[PDB]
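Shown next, in structure tokens, is the structure this report addresses.
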Amino acid sequence: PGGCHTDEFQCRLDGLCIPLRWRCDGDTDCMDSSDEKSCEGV
Ligand SMILES: [Ca+2]
Numbered sequence: 003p004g005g006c007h008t009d010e011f012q013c014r015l016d017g018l019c020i021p022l023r024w025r026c027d028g029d030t031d032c033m034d035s036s037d038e039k040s041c042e043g044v
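The sequence shown begins at 3 in the entry's author numbering and counts up by one.
Right, here's the structure in full:
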């Protein structure tokens, strides 16, 4: 399963799929944090 839906994100803790537009916002749509535990800035 090399993806979910359009450029969406998959979390290796659990397996869920999240709307990847929300990988750099500071709150966490995945079952952990991996949205943005790697999307720093300034
Ligand atoms: Ca998020």
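For each residue, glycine too, the CB sits at the ideal point set by N, CA and C.
Confirm the yes/no value for this check: CB of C13, any heavy atom of ligand 1, distance under 8 Å.
no
What does the Cβ neighbour count give for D29, buried or exposed, with the cut at 16 atoms within 10 Å?
exposed
Chain-ordered residues, beta carbon under 6 Å from a heavy atom of ligand 1
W24, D27, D29, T30, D31, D37 and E38
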